[PDB]
Amino acid sequence: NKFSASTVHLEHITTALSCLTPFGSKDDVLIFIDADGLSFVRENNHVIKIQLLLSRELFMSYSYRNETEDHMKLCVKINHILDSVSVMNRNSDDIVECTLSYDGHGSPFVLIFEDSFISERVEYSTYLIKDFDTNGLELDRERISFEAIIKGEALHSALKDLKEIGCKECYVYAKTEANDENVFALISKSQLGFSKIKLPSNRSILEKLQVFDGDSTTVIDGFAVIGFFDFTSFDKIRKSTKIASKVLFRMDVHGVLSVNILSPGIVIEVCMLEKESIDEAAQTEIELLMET
Amino acid sequence: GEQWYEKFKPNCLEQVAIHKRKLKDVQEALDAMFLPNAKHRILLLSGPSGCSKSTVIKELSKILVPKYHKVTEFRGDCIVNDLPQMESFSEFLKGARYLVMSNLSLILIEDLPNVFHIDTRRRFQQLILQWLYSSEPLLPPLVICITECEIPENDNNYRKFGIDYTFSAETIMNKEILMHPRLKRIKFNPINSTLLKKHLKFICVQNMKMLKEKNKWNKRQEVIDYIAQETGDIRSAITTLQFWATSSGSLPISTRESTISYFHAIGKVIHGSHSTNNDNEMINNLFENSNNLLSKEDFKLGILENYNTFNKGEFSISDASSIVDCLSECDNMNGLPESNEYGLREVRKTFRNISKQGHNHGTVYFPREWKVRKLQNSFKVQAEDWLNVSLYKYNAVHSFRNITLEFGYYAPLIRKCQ
Amino acid sequence: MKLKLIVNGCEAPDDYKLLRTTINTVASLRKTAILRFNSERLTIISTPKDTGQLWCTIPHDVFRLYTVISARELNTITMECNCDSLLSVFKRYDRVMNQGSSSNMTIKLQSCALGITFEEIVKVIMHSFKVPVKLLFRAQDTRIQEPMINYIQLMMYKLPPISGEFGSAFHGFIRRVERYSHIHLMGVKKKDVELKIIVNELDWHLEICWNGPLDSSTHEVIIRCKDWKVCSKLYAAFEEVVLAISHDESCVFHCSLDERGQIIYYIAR
Amino acid sequence: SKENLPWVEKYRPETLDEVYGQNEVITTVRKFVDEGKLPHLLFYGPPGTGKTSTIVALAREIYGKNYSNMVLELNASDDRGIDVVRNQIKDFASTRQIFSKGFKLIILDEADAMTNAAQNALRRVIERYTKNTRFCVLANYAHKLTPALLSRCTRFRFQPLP
Amino acid sequence: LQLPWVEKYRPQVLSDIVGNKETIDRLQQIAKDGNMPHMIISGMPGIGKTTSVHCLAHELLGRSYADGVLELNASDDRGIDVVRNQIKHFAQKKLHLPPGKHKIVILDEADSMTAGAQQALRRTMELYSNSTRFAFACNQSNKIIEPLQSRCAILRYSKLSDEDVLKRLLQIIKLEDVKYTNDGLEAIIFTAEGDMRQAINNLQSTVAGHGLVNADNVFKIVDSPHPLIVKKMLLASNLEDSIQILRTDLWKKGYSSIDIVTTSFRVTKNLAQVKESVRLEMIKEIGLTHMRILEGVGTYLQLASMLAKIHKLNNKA
Amino acid sequence: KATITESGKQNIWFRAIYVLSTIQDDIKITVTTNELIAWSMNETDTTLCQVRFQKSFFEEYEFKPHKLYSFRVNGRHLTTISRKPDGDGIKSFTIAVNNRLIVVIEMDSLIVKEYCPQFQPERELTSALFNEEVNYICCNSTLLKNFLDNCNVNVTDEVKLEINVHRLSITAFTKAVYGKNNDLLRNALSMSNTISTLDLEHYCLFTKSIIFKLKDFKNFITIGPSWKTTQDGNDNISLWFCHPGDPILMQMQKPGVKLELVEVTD
DNA sequence: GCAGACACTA
Ligand SMILES: Nc1ncnc2c1ncn2[C@@H]1O[C@H](COP(=O)(O)OP(=O)(O)OP(O)(O)=S)[C@@H](O)[C@H]1O
Ligand SMILES: Nc1ncnc2c1ncn2[C@@H]1O[C@H](COP(=O)(O)OP(=O)(O)OP(O)(O)=S)[C@@H](O)[C@H]1O
Ligand SMILES: Nc1ncnc2c1ncn2[C@@H]1O[C@H](COP(=O)(O)OP(=O)(O)OP(O)(O)=S)[C@@H](O)[C@H]1O
Ligand SMILES: [Mg+2]
Ligand SMILES: [Mg+2]
Ligand SMILES: [Mg+2]
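Chains as they are written, first to last, in the working numbering: chain C, 31 to 322; chain B, -18 to 399; chain U, 43 to 311; chain S, 413 to 574; chain D, -9 to 307; chain Z, 13 to 278.
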């Protein structure tokens, strides 16, 4: 069948695919099949890229029979896959088995489910005509502006409060202190006025936060990093951080932001694009108002 | 600083810009509404912008409410937290309904809720209809002011139905409320030249120190009379006067250039414009003025029905035949801007050619197509009933064409004898 | 015009009585529903004209002190009321299942309003709700709106109430179809029989095959709309067993049997 | 990739030197990109002249490996309404660089079918976000384009092939 | 990162803006006084309306305009509810403004905004005109509803004369230090037809593609405008000359037939030398050819027939 | 001014703001040395509700410039700030006015949210004076809350306080309207109720009833059970002088919260 | 624009 993947615990797959639902008109996922595992990447308007990686150890029947460069692609829809696995795995002790199949190239994506003498076979025809390949909103680690590690629960509360209030434009602030009083917050401007969601500074749930000087090795204290990010990009990672343990924040001088989600556990990587320029000269007043 | 039209608001009934007859027949209308039993439950005001359609009622409530300034003006920009805009107006009506005694606050709905979506437009009719036939003791006065202004043309309007063509009382309100017995429709007219000139005199003599500072005291008369004659809006006139007074000089003032009416356009096409002697510039300016009306059906029918009133049907039959032939040829262009231009140009050229025999004209009539459609619908439902009753006892298939042509008179004739 | 009946709590018929509420949400979402009160134990109610046909009878013989009389000459009386207000009386009565047996449900037909009497206790609270509209229809409309229709052959006997996984499979079809937003069915006479449902799309190929289910000509292919999501909700019927019939490649019925009464649903092509 | 396509899509130019006929336009665009300034190129002409082939070859030559990410292609095949120009175009033409500080090119192929409101939103976009992103408009009928758009875009005429 | 001349050389003060001396003087006077009421600015695109509004707001407020105003343009969701809410909040939030200064609501490209939003703006003005003022930047005043214009002083911008555009071109040339030719400048002015932005784009293209600005280079990069060619075609005496002009100026240059018909209709609307009967006959023939083009027949024979019929009705045997 | 509260009294504060935000879009809050007063004037000037928080409600009242400072804060903007987040709690909630409303939220953990709503400052407390101008009916709000939770206010009906002979027969019904020829354009869906005679605490012989709205009658009762008041927390009272013309007064006495509502009848 | 009837002092 050129591809095999048997899954018993479909709850983990259901909640993993549920992190890609906030995308409007969800479709066109570039699923990667590799010996390491399965990775799902989805991009919206070439401004935000999210990658969800499933390890080989997650599947109990991973074979990956192939005689090629070990780089094979297929494009299918999200809403079909998202609702495919959530419907079953109900009641108790059902041990529902999920089977993945793909006959190399040109064949539909076959999904087989078994639940109490009840069998299904779902086929997904792939879209591989004008796959431009390459792509990727990646970044170089040599010029990382700063790095931060925060708990998922702390960030989820900030994002949930950031959404319902509005805040169509949001700001990211990073500032270190010689007295270990590191400052990092997700502040924003809306019709309400100024909102200052000040994240905690203690080491209880903020594991590490240091600001670099564009070399990723020279840590500097007293410097401030201001990031101007759209609200639409932040709304996508709100549900991703809803069920998570540690959230890693990393951005460079180029302005792209890399967010790593940890929840063996799976890893979710989200890439974001900074807006054009700071509104007026708000970078001056962000430092001035928060310092007061 | 402060706007002149805001700082010079009237304080009594002798300062408002309104005709004597209009003041009299709104005073008699509002006086009888305050009685416990009133012939008209609500008052409807329809007219152009800046015609004192709201301030007159404001001082009227100022001098009639304390008999037994309490005005409950609806604010459409209210949201009301977690309340839909459709239910906001419903809650406003019931909120102001409980003011029949002691308070007696008049209701002045100047800013009516926007009616463009299908759901919110249909709700606006029965909301005031439910307040009419309600058997409740006493009645608080309610005045609705609607400004007669045509909505400018937009893109991708799909079917392009009514209301969106022209924001007027007739378009939005349906027939049940228009000729309801408990309703009075007091139309409003633009401010007259004499009243505008008197008000500009009063403003100029009130601003004597400012006008005499510059070289405007000698020039003021020409500017104010030009402003008064050019437009009929008092607010726009005051704005233009304030702009000119602030201006140092050597500046050509501008005016709204308000759009003409439907019958006004019909008269312009048939009779002509005295302001613009040149024929080419009159039609070209009219096109860029209101293309939204010319690029619309029933205008060519209006030209077709009113072209015989140029000389009471006493002009050249050959010219009439040429005009009707040109309109018929224009009708084949699928309603294009080029089609409208050619027919109107031909009509104007012909009527200019025969303009010598135009001493006495006639009245124009808006075409009766609605009546023709109504009788067509009545005949259609009558034929449907006839087919329904004639198919329950035997078989009879002849299509719809034979029913209208052959069975429209023969069939009732045979049943008459039997 | 005396339409007076009393509804009281019991042990068995409450599940049959509480099954009535599920359609009431759907019926309120639909246009309306008709009624025909006859004699003392027979009444038929259905949705007037999608293709919503819900011929269902209820044994009013067990109901206490029920009588029908009207000026409709024959034994059949046209009756119609809006089902939106029927939710309010049922939902509020469902909150008082903890205590209260003598409260009853007193209904009186007076002209337009149908007063409903409650005697809930928290010292007693009296509630008097009125049904808004009971407007009738033309007498000739009774014949043209006859809801009695049934067919035979190709009887699928559903799985008996022994394993609860069969209902969950149908309930899975309820949640999935709402999430995506044609349905095809298979039928075989080979003995227990197998059920197969298949969905064909441009790229969505769903097929479900039952290997060893306990449920009981051939090749009855049929293509129909998504209106069957209502019929899956009627399968619950915890008191008794449900019947299903599908043939003629155009029509399908869902015969829900509970106590003496039976409930059927009709789907067109 | 080859010997499996129609002859129309078999000899499509990939570089600027492979486009013939409109020598003046090619030289002017080459000078524009050698100086480092794109004045919102607008291409007009009959079908078959090679406007979209020329602009795709130019974008490839400028970008290289950044065509997949920084270059956006728009057409009549996908939905182009008021919401689309309001959201997708605004989101794309608001981002910074990733690897190279080159300009952002957005290809508005057969843009003459857009609505008047969409055209007005698009031209308010081109005026506001011109300091980093330069759009390209391709059309065959100039009468379907808003005259305000032609003022803000450098019109280039694509003559028939000699 | 070379910024284009349309954005790099845009004016930042009202002094650099030319074309309408009276209007610029009035704007400077009203900024010095500070009593700026509501206004509507309309005109043909590319004359300097929105940049004039921005410069006026700049040199009228300064830091207050930079930091504490809410300017909305066409690139926003201009729904009724959201615009109503946004302007309602912006009418509030008053600061320590000078007594002769007021908030400015810049409204760019308001011609495409829905009528319900106009009514909401009417209510917002009638409720909070004391604190804030509105500025309108559009192309034509017809798209604005009648009641809005009564509360404002409408300002009309005339087409820029050749002198002002030429002076701006010389200033930009001196700033850029580029060689020029008087014939090339005259060709640029002729091609612009009073459009400042088009003139700037053409001059920038000439400079960056050929270096020295010359008439030959400008004519090579961009041809003569089609309204002038069509106007010359319609006024031709002989049919053969008109046919040759049509072919060698539009068929060999790559001009669509429907665009030619539309340009002919526009020229005939604005033509003045022809009589009324001749004008209406030409309009009818243009419409007939237009519907023939729309129905599918888009060949040169239809254009030739239109020209032949126009010549026949002009000569009248 | 600087007022902080750190207790279970945050829920009623959020409840009161949501109640006041429904009546009017903008909430005008007046501060004074005596206590804190929050109220919103209705658009039709038919509903007057004020919630007054005692000085003991907060832990400090360091208010500095009898001056009565007032400001108009958006009700919708304020009601989304004092909300209780799901799966988390607010340890300290405070609001302050600087010499730009300075309101901050301190959760159980070290995370803190700082908000800056915009207000507009004339101590129009004459409405409160008319409220305290000063029959007597006492009914338990706990039993009324059962009827209010299911009143089906979506039809926007009216309430007729029918005391009849002795017992309170609260009704939620809609008046029908006639059409062209006796047509029911608006359907009348009535929902009446009756309370026991002995359940009423105070009553006055005032046969013939009065009519008042329900949306303002709904939100005024939810404030009671929202706050866990084991001590005191007495039921609401009804006060209204004779004839239907004058408005009706309602009061809910609490140890730290003053609840008032005035609704104009007819 | 235009026909029919009224207000108001020249
Ligand atoms: N003598 C006067 N008579 C009438 N209005 C006057 C006078 N002097 C000043 N005004 C002002 O002119 C304006 C006229 O207001 P109205 O015309 O009554 O309002 P409106 O008719 O509702 O306008 P729309 O069409 O609704 S925007 C007001 O702002 C008045 O304050
Ligand atoms: N100058 C040229 N030199 C070589 N091949 C050309 C040239 N112009 C066009 N072609 C060929 O014509 C094909 C189709 O032309 P395209 O450039 O794709 O479309 P177009 O000519 O721009 O017309 P439209 O506006 O898209 S319908 C290309 O794929 C090329 O193979
Ligand atoms: N009087 C002027 N002096 C100098 N540059 C001008 C002048 N008028 C316009 N411009 C230039 O025109 C360009 C943009 O002008 P805009 O004001 O955006 O055009 P517009 O007249 O407003 O037409 P629209 O409606 O905005 S397309 C800038 O590059 C300006 O420098
Ligand atoms: Mg008014
Ligand atoms: Mg192309
Ligand atoms: Mg502009």
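For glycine and all other residues, C-beta sits at the position ideal for the given N, C-alpha and C.
query, result
"Unbroken alpha helix (DSSP H) run spanning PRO217 of chain D, endpoints", "216 to 224"
"Contiguous alpha helix (DSSP H) assignments of at least 4 residues, all confined to the region 95 to 141 of chain D", "105 to 118, 136 to 140"
"Check: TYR423 of chain S C-beta below 7 Å from any heavy atom of ligand 2", "yes"
"Neighbour flag for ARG508 of chain S against chain C, beta carbons, 8 Å", "yes"
"Counted within 10 angstroms of its Cβ, other Cβ atoms place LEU62 of chain D as buried (16 or more) or exposed", "buried"
"Per-residue contacts from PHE224 of chain C into chain Z (C-beta, under 7 Å)", "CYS128"
"Residue(s) in a DSSP beta bridge with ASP300 of chain U", "U:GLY303"
"Neighbour list for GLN132 of chain Z in chain D, Cβ cutoff strictly below 9 Å", "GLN82, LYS83, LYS84"
"Residue environment, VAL3 of chain D, which counts as buried when at least 16 other CB atoms sit within 10 Å", "exposed"
"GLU97 of chain C versus C:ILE80, C:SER275, C:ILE125, C:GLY134, residue with shortest Cα-Cα distance", "C:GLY134"
"Those residues which DSSP pairs with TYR203 of chain C across a bridge", "C:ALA215, C:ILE256"
"CB-CB length for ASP279 of chain B against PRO348 of chain B, believed under 8 Å", "6 Å"
"Those residues which DSSP pairs with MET281 of chain C across a bridge", "C:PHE176, C:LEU287"
"Interface residues of the region 115 to 147 of chain B facing chain S [CB-CB below 9 Å]", "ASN135, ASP136, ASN137"
"Residue environment, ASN172 of chain D, which counts as buried when at least 16 other CB atoms sit within 10 Å", "exposed"
"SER83 of chain B at chain Z interface by Cβ criterion, 8 Å", "yes"
"Presumed contact (8 Å Cβ cut-off) between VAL283 of chain U and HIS226 of chain U, rounded CB distance", "Not really, about 25 Å apart at Cβ, beyond 8 Å."
"Interface residues of the region 233 to 257 of chain U facing chain C [CB-CB below 7 Å]", "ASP245, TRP246, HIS247, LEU248, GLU249, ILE250, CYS251, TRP252, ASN253, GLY254, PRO255"
"Close beta carbons around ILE61 of chain C, own chain, < 6 Å, minus the five adjacent residues each side", "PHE70, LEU104"
"Cα-Cα separation, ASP191 of chain C to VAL115 of chain C", "30 Å"
"Inter-residue CB distance, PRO230 of chain C and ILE123 of chain Z (contact presumed, cutoff 8 Å)", "5 Å"
"Within-8 Å CB hit, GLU310 of chain B to chain Z", "no"
"Residue range of the unbroken alpha helix (DSSP H) whose run includes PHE73 of chain B", "66 to 78"
"Which residues DSSP lists as bridging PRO129 of chain Z, in chain order", "C:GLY223"
"Shell residues, 5 Å Cβ cut-off relative to heavy atoms of ligand 3", "S:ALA560, D:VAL(-4), D:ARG0, D:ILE7, D:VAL8, D:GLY9, D:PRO35, D:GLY36, D:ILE37, D:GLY38, D:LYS39, D:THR40, D:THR41, D:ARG158, D:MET186, D:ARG187"
"Between the CA atoms of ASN315 of chain B and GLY294 of chain B - distance to the nearest angstrom", "30 Å"
"CB of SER480 of chain S within 8 Å of CB of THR164 of chain C, strictly", "yes"
"Under the three-state DSSP convention, the category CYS126 of chain B falls into", "strand"
"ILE207 of chain Z: contacting residues in chain U (beta-carbon distance under 7 Å)", "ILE167"
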